[PDB]
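Engineer: The structure follows.
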Amino acid sequence: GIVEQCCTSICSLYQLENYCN
Amino acid sequence: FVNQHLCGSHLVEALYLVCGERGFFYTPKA
């Protein structure tokens with residue numbers, strides 16, 4: 001999930017936007 | 001500001017900035 005993608009590893013705008021409504 | 005390790009409030013802050021008036025969902029377990 002987001003923690004694995006952005007916390008444990010380096011985040012990206014692409015991934016963050018996957019979590020916008 | 002988005003290209004780094006973001007945890008906890010740092011992550012939520014980034015989501016807030018990026019998503020704007022769309023809002024977002026933060027699911028640390030899922």
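Labels used: A, B, ... for chains in the order of the structure tokens, numbers from 1 for residues in each chain, and numbers from 1 for ligands as shown.
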Please find the residues of chain B near chain A - the criterion being any atom within 6 Å, counting only C-alpha atoms - and write them as a PyMOL selection string.
Structural biologist: chain B and resi 2-7+19+22-25+28+30
Engineer: Please write the residues from the selection above to a file, keeping N, CA and C atoms, as a PDB file, in the first residue's frame.
Structural biologist:
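File produced: again.pdb:
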ATOM      1  N   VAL B   2       7.695  15.813  -3.375  1.00  0.00           N
ATOM      2  CA  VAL B   2       7.071  14.490  -3.406  1.00  0.00           C
ATOM      3  C   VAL B   2       8.054  13.356  -3.686  1.00  0.00           C
ATOM      4  N   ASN B   3       9.258  13.707  -4.111  1.00  0.00           N
ATOM      5  CA  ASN B   3      10.232  12.691  -4.486  1.00  0.00           C
ATOM      6  C   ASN B   3      11.209  12.355  -3.364  1.00  0.00           C
ATOM      7  N   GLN B   4      10.672  11.774  -2.294  1.00  0.00           N
ATOM      8  CA  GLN B   4      11.472  11.402  -1.128  1.00  0.00           C
ATOM      9  C   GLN B   4      10.689  10.436  -0.243  1.00  0.00           C
ATOM     10  N   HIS B   5      11.316   9.968   0.828  1.00  0.00           N
ATOM     11  CA  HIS B   5      10.617   9.120   1.781  1.00  0.00           C
ATOM     12  C   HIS B   5       9.648   9.987   2.558  1.00  0.00           C
ATOM     13  N   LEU B   6       8.370   9.631   2.510  1.00  0.00           N
ATOM     14  CA  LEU B   6       7.337  10.381   3.212  1.00  0.00           C
ATOM     15  C   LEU B   6       6.558   9.453   4.126  1.00  0.00           C
ATOM     16  N   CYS B   7       6.664   9.686   5.431  1.00  0.00           N
ATOM     17  CA  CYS B   7       6.008   8.831   6.408  1.00  0.00           C
ATOM     18  C   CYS B   7       5.139   9.654   7.344  1.00  0.00           C
ATOM     19  N   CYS B  19      -3.375  16.606  -3.884  1.00  0.00           N
ATOM     20  CA  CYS B  19      -4.751  16.316  -4.277  1.00  0.00           C
ATOM     21  C   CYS B  19      -5.702  17.514  -4.268  1.00  0.00           C
ATOM     22  N   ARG B  22      -9.808  17.855  -4.625  1.00  0.00           N
ATOM     23  CA  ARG B  22     -10.250  16.487  -4.861  1.00  0.00           C
ATOM     24  C   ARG B  22     -10.287  15.727  -3.538  1.00  0.00           C
ATOM     25  N   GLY B  23      -9.369  16.064  -2.644  1.00  0.00           N
ATOM     26  CA  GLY B  23      -9.223  15.310  -1.413  1.00  0.00           C
ATOM     27  C   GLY B  23      -8.532  13.995  -1.705  1.00  0.00           C
ATOM     28  N   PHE B  24      -8.437  13.135  -0.700  1.00  0.00           N
ATOM     29  CA  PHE B  24      -7.703  11.891  -0.859  1.00  0.00           C
ATOM     30  C   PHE B  24      -8.129  10.862   0.180  1.00  0.00           C
ATOM     31  N   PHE B  25      -7.628   9.646   0.035  1.00  0.00           N
ATOM     32  CA  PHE B  25      -7.779   8.653   1.086  1.00  0.00           C
ATOM     33  C   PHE B  25      -6.415   8.164   1.538  1.00  0.00           C
ATOM     34  N   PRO B  28      -3.025   3.397   5.643  1.00  0.00           N
ATOM     35  CA  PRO B  28      -1.689   2.912   6.006  1.00  0.00           C
ATOM     36  C   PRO B  28      -1.636   1.398   6.188  1.00  0.00           C
ATOM     37  N   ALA B  30      -4.134  -0.845   4.580  1.00  0.00           N
ATOM     38  CA  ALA B  30      -4.503  -1.400   3.280  1.00  0.00           C
ATOM     39  C   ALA B  30      -3.395  -1.184   2.248  1.00  0.00           C
TER      40      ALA B  30
END
